[PDB]
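Chemist: only geometry, no sequence info:
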Ligand SMILES: CCCCCCCCCCCCCCCCCC(=O)OC[C@H](COP(=O)(O)OCCN)OC(=O)CCCCCCCCCCCCCCCCC
């Protein structure tokens, strides 16, 4: 197995789309035009009516383009998800991920973001959405919440790696970062 | 009395009477789920009971439509 | 992708006007949807990553490399089946218009594919019951898609009643387990595998055995497959078995942890009876679909022996057997749909009545296929020889791999009985071949202008007009050569089945 | 005296002697009513009311189908039975009503101890909805999917067009 | 049957007063306090009057809808039931299911999700 | 890890703690086999059905019969009708045998 | 072309008018239902311009102080 | 080599009630929708949870 | 919540008949090794009326008793008997002080709660008098934690929800203090 | 009448949400909408198919009178 660095065991929907490579957009376009193109190919392989070629009606090409558009995004979404999971090469995504987290930590802001959900719902949302991309071909389900169950330890952002000295981020301790679990239960142990 | 299949005499001699037996048999499963969930003070069993009731009602409708169309097929001349 | 594209197709089908062409083009959109579903699923699911077993959706589902292979097989076979409704099977409108007259045909298939793929993944008793209903309901709706057909509706009534009784048995088994343990998640229930009543899981298997047509519950499936249209019988006789047998394998994988030999004996009793009925049942029959129904019952008994043994050799046997049997099933029904074009026409004793749903209904309607189309007749012979288990066809290695797993586990009786069952069932497999070819010389110089194919016109009398459409011909050619020439790549294919793991690891 | 035993005794008698399809649609209602009442008085009043809300709507639809399919067959037909064989059958059945054979579980009474820790005190339906709409939301969304399939399924079966 | 049908008319009239007109709540809080201040709360006569007052508010609202049952009978002609099915399934159901989505959205937007108290 | 054994008020019920300690034992990496978690499994099942505890009560009742002990002299006093949970039975200073009100709280 | 059926992607405004005149039971039921999610999308505006969200209810049991037990507490002894 | 390779792959190690694979990664009950602190019968400390049994990936 | 359970009185005697319920007593006292403590004798309405003064007086002992329960790790009811006795005595001390210092003001408030379905919103006027009397004589202030001091519901000037029926005694006692204290 | 049963179950499925609207918060509200949006496709389907009409057995069609002149 050619495993790589784990970035996010449950990447948020916005992060997955933002981290699209130019090829991911290219495949999104290929899916969008691959569905009308296959309708032309199937007619070319064997005409639907009779024995002569007939272009499929525009209404069929309209619904085909929509089906391909969703299919192209689902393919691109799974292509970008593998980089977060470490299944696919993600050297570029690690550098971008480290810059964004260190930038947010230096601002004493949560790398995950503030959530409308209470501690139970953040945990419940992560349980529902983590690894859901494995069935994205069957039915959709996305991480659209700011939970903290991402399968990573934020202490690994406190070691400077090669090519990160020019960032000059001064990182505070984790108990001063707003909206994190380790800085939330101050007065009561069952209330954030 | 159960092992000699006494329940086969209690089921009526129409296709709809078989439908009623199926509903009663499934309703026995839900009553057993409610009984266990209440004793344990477990809401997961009651969620299961609610799912069984909704699903059992779905197949009741699907089976009825098949029987409805089956009767239409017999009354097909419809010269009127 | 499946769920999202199904909603668009549901709405789009109800918007545009009703015409045969539009329904056929909507079916081709369903073909593209399954292809994209396969591409997306392949892009994200890989055998090496799923070997451990990954939980999804609050542990309601659990996908591993054993589940994943079956999901891809289901998608691939569903692709081949949709080509039947998305392209011309015969090219003559009196026969082919049936596949385009129901706009909800493709919608029901997409509904059932979702149920087929999710069922092997179930990791909770609540979701096990929900999904097994989702798969069953779609099968009933597909069995009744032709609601103007008396036999099609009668089959759906029989299917609904029997399949509801099995579902209640399945529900009753899960309720008993929940009553014992108060738990719903399968992995949680595995922690108490030594304390719950293991026969509560045999009741769960009994409901699953009804849904695959195992003896003694074989009667309804033999009746339903013969009464349903050939296009419907092709789907419903194969698709439920791909998912339910995979689920039975996973359940039997958990059952073997406690090693209850009493449970192993009851299942062996059902396998033994099904071999006897599957082989002797088909000896005196005149319908081809009734014959294939017993063939299905027999091949399920072979797979259940591998499922019952449930070892490392059983994963390879079941995985290879289910793949090669699905292709043989697809190939045979493709030929049966095509060869209706060679049927003689009247211009009479026994008052034989043939309908548009099943133009090929009797075994002796395959007469003189060796004369009408030698290449197709050979393709049908290769498939039938594969079911017989003639080496080096795919069907031989299927029986060979099943025997290895069965004999490795001490199932001496069932291994001997199946080999006797194979010999008995060879009698009615050979009868197909006898009908195809044995009267070739005593009929070679005869004038047959009374065929269904002769009703078709001719374009210019200077062109070459192929007698069979392009897509259906290429599929039959591809599958037949795969069945014939599997010896070339058998070593590489079986090495792949070595990697498919179900919590083996080390 | 547990009068539910008598109710089920009468219901079992009428299920053996039922002849036509109207009597069967009455055996169903004569079964849900003992279930609803016993759930109301012993285990769950919430599910006693859910049964009434859902099954009654199913019963009337079931009844209206009987009107469209009643086919004269069993009004004039004859049954034999015998009063002695009916009552003897019901007597033998009544002898064994122990669905479980754990004598201690069936004879020894138990209690629970209340605690005051649950100060946020709400109904069972609020907790059921809390879990169903958060943790088992997939189960709810599949059920919604199955209900959609039934809508399409009923139309493609019944509608001639 | 006649008794039960008119019992249902009273029930649905009283439910219209409960679901939309506050049930037994007084029309005027000022007048309700004025009338009840004449009677000592340490005497049983206060609770008789309060029981008459509160039920009177419910009676007045329910009387108006029992009047409305009679009022619509004397003004409108009968509608065929096959038209009633189309009216309920094509008009009333889409509107009611719109409000079942409308109402929670409004309350969430203004942080006013209801609780029992 | 999905929630199991949820009480009627949304929190853990009586037997959740037994179930939680079983999961922690079975999933701990310090255990070579599942033998250490066998007593925890019996405790969880005892929390739900109390089958062994009911069995102990069966022995005590039976053993008291064979020695002639009176059930009403060694057991615990009880009342079967809720209306007769009277102040005299409850032991109040000015108690009475008149029925208590249970019609409307 | 006085009363033709508008094409939605060519004449979106006229397409809306056709359904609002001929199928009011469809046009206005959707219009009411659209106001649900639209208000849910206006929630961030309220959190910045009218008033903030309330403090969550103490519905997670008794609030246990996040500290160690006071070992010098006395009073009301046996 | 071919005989040796098949002997390794086709060997099925024994499973009993003492050793088998359970796919549960974390202990449940850290959070409940309401009333997380019930009868204080939850004795599992999520602050000092011991390492879990990580599943084995044979291809890693 | 009216769910039938096995830990308290159920809805009706038909529930008891189906369950064959036995209402069981135990004549044995607590073992003599455990120190004795007098139980709290107040009923529902007085306890709810005194809830926020028991909280403001026994906060250290209430938290210490609950923190003992968490540290008990299942052995709760046994290991926190000593802490529980402190809680009972402290709560009885508050009720004792109410009956000697604020007796009329206290009895006024929980007689309104009995008159008004035990809803705090229905008895603000009597509560205000009791809060004023307790603060002067016991130095206890009702505080609802987690919110600003000026957003406490019991201090709201113009509440949206008000009692339909007015407690006559509370109206009279509120007027008397208005004309005599806030001149 | 048959389609009444699927819609009746859908209405009965909202009962858990009615008494738990506050607790589930925005997460439950979005799930509630998703429950209703999937069922609204059934409503679109029934409208477009005209499945909720009355199944008459007679149909009144206006024949055109034409003359095959010579
Ligand atoms: C308000 C009270 C309403 C009921 C009062 C009438 C009492 C009659 C029995 C009520 C239900 C008891 C169990 C019966 C189940 C249905 C079996 C049946 O067929 O109905 C019995 C009725 C008697 O007909 P009979 O002449 O005795 O037998 C046929 C002889 N060839 O044959 C009939 O077809 C007549 C049935 C009339 C319609 C009854 C509809 C069912 C109502 C049930 C509501 C109560 C639920 C059940 C409670 C009792 C449970 C045993």
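Modeler: Looks like it arrived, so ask away. Residues are numbered from 1 along each chain as shown, chains lettered A, B, ... in the order given.

Chemist: Neighbours of the nearest residue to residue F:36 once chain neighbours are set aside, how many?
Modeler: Excluding the flanking residues, the one nearest residue F:36 by CB to CB, 6 or more residues apart in numbering or on different chains is residue F:25, at 6.2 Å. (Each C-beta comes from the backbone N, C-alpha and C, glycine too.) By other CB atoms under 10 Å in any protein chain shown, 19 other residues sit near residue F:25.

Chemist: And residue C:22, by the same measure?
Modeler: Using other CB under 10 Å, residue C:22 is surrounded by 20 other residues.

Chemist: need the contact list for it.
Modeler: A:57, A:60, C:16, C:103 (CB atoms under 8 Å, 6 or more residues apart in numbering or on different chains).

Chemist: Can you check which helix is longest in chain F?
Modeler: Longest helix in chain F, counting residues (DSSP state H): helix F:51-66.

Chemist: do that one and chain C meet?
Modeler: No. Using CB under 8 Å from any CB of the partner chain, helix F:51-66 never reaches chain C; the gap is at least 11.2 Å.

Chemist: Residue A:127 reaches residue F:2, doesn't it?
Modeler: Yes. With contact defined as CB atoms under 8 Å, residue A:127 counts as touching residue F:2 (7.2 Å).

Chemist: who's in contact with the next helix or strand after the longest helix of chain F?
Modeler: Of the helices and strands lying after helix F:51-66 in sequence (DSSP states H and E), the nearest is helix F:71-74. With contact meaning CB under 8 Å, 6+ apart, helix F:71-74 is reached by F:61, F:64.

Chemist: picking that back up, now, which of the contacts of residue C:22 sits nearest residue A:183?
Modeler: residue A:60 (56.4 Å; CB to CB).

Chemist: ok, and residue C:479, which helix or strand is that part of?
Modeler: helix C:470-484.

Chemist: Would you mark the buried spots in that helix?
Modeler: Neighbour counts over helix C:470-484 (16 or more other CB atoms under 10 Å in any protein chain shown) mark C:471-473, C:475-476, C:479-480, C:482-484 as buried.

Chemist: re earlier: and the residue nearest to residue F:36, what does it touch?
Modeler: Applying CB under 8 Å, 6+ apart, the residues contacting residue F:25 are F:31, F:36-37, F:40.

Chemist: After the helix or strand harbouring residue C:334, which helix or strand is next?
Modeler: Using DSSP H and E, the element containing residue C:334 is helix C:312-338. Sequence order places helix C:369-372 as the next helix or strand after helix C:312-338, per DSSP H and E.

Chemist: Off-centre distance for stretch A:168-175?
Modeler: 26 Å (CA atoms, centre = their mean, to the nearest Å).

Chemist: My understanding was that residue C:109 contacts residue C:77; is that so?
Modeler: No. Distance between residue C:109 and residue C:77: 11.6 Å, which falls outside the contact criterion (CB under 8 Å).

Chemist: Looking at those two, which is more packed in?
Modeler: Set side by side, residue C:109 and residue C:77 show more neighbours around residue C:109, with 25 against 21, by other CB under 10 Å.

Chemist: for chain D, longest helix please?
Modeler: helix D:45-69.

Chemist: With chain J instead?
Modeler: Longest helix in chain J, counting by DSSP H: helix J:21-49.

Chemist: what's the span of stretch E:107-117 from first residue to last?
Modeler: 17 Å (CA to CA, to the nearest Å).

Chemist: That one close to chain H?
Modeler: No. Judged by CB under 8 Å from any CB, stretch E:107-117 and chain H are separated, with a smallest distance of 12.0 Å.

Chemist: one step back: near chain A, anything from the longest helix of chain J?
Modeler: Yes. Helix J:21-49 is in contact with chain A by CB under 8 Å from any CB, via J:25-27.

Chemist: What angle do helix C:312-338 and the helix holding residue C:479 make with each other?
Modeler: 140 degrees (axes from the mean of the first three to the mean of the last three CA atoms, to 10 degrees).

Chemist: wait, does helix C:470-484 contact chain A?
Modeler: Yes. Counting by CB under 8 Å from any CB, contacts between helix C:470-484 and chain A involve C:470-471.

Chemist: centre of the chain versus that helix, how much separation?
Modeler: On CA atoms, centre = their mean, the centre of helix C:470-484 falls 18 Å from the chain's centre.

Chemist: Kindly report the residues of chain F close to chain H.
Modeler: So chain F meets chain H at F:1-4, F:6-7, F:9-14, F:16-18, F:20-21, F:23-24, F:26-31, F:33-35 (CB under 8 Å from any CB).

Chemist: circling back: now find how far off-centre the longest helix of chain J is within its chain.
Modeler: 13 Å.

Chemist: what sits against residue H:31?
Modeler: Counting by CB under 8 Å, 6+ apart, residue H:31 has contacts A:119-120, A:123-124.

Chemist: got it, and residue C:429?
Modeler: So residue C:429 contacts C:295, C:384, C:387-388 (CB under 8 Å, 6+ apart).

Chemist: mind running it again at 6 Å?
Modeler: Applying CB atoms under 6 Å, 6 or more residues apart in numbering or on different chains, we find residue C:429 in contact with C:384, C:387-388.

Chemist: Which one (most neighbours) among the residues you listed?
Modeler: Neighbour max across the contacts of residue C:429 (other CB under 10 Å) = residue C:387, 25 neighbours.

Chemist: Test my guess that residue D:144 contacts residue J:36.
Modeler: No. Between residue D:144 and residue J:36 there is no contact under CB atoms under 6 Å: 8.3 Å.

Chemist: Give me the neighbour count for residue 167.
Modeler: By default, I'm working from chain A. Residue A:167 has 12 nearby residues by other CB under 10 Å.

Chemist: Can you look at chain C instead?
Modeler: 23.

Chemist: what's the helix or strand for it?
Modeler: Residue-wise, residue C:167 maps onto helix C:150-181 under DSSP H and E.

Chemist: follow-up on the earlier one: does the helix or strand following the helix holding residue C:479 come close to chain A?
Modeler: Toward the C-terminus, helix C:470-484 is succeeded by helix C:490-499 as the next helix or strand (DSSP H and E). No. Against chain A, helix C:490-499 shows no contacts by CB under 6 Å from any CB of the partner chain, the least distance being 11.8 Å.

Chemist: would you turn the contacts of residue C:429 into CSV with secondary structure and distance to residue C:326?
Modeler: Putting the contacts of residue C:429 into CSV (DSSP: H, G, I helix; E, B strand; the rest coil; distance: CB to CB, whole Å) gives the following:
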residue, secondary structure, distance to residue C:326
C:384, helix, 16
C:387, helix, 13
C:388, helix, 17
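
Chemist: tell me which of those residues is nearest to residue E:28?
Modeler: Set against residue E:28, the nearest of those by CB to CB is residue C:387 (88.6 Å).

Chemist: longest helix anywhere in the chain?
Modeler: Reading this off chain A. Per DSSP H, chain A has its longest helix at helix A:58-85.

Chemist: Can you look at chain I instead?
Modeler: Under DSSP H, chain I gives helix I:81-101 as its longest helix.

Chemist: Quick one: residues in contact with the helix or strand following that one.
Modeler: Past helix I:81-101, further along toward the C-terminus, the next helix or strand under DSSP H and E is helix I:103-115. With contacts defined as CB under 6 Å, 6+ apart, helix I:103-115 is touched by I:45-46, I:49, I:98, I:123, I:126-127, I:129-130, I:133, I:167, I:170, I:173.

Chemist: Say whether chain A is contacted by stretch H:52-60.
Modeler: Yes. Residues of stretch H:52-60 are located near chain A by CB under 6 Å from any CB, namely H:59-60.

Chemist: List of residues touching that stretch?
Modeler: So stretch H:52-60 is contacted by A:1, C:48, C:51-52, C:505, F:27, F:29 (CB under 6 Å, 6+ apart).

Chemist: What is the end-to-end distance of it?
Modeler: 19 Å.

Chemist: Who are the packing partners of the helix holding residue C:167?
Modeler: helix B:15-40, helix B:43-74, helix C:125-143, helix C:199-211, helix C:219-227 (3 or more CB pairs under 6 Å, 6 or more residues apart in numbering or on different chains; DSSP states H and E).

Chemist: That'll do, ta.
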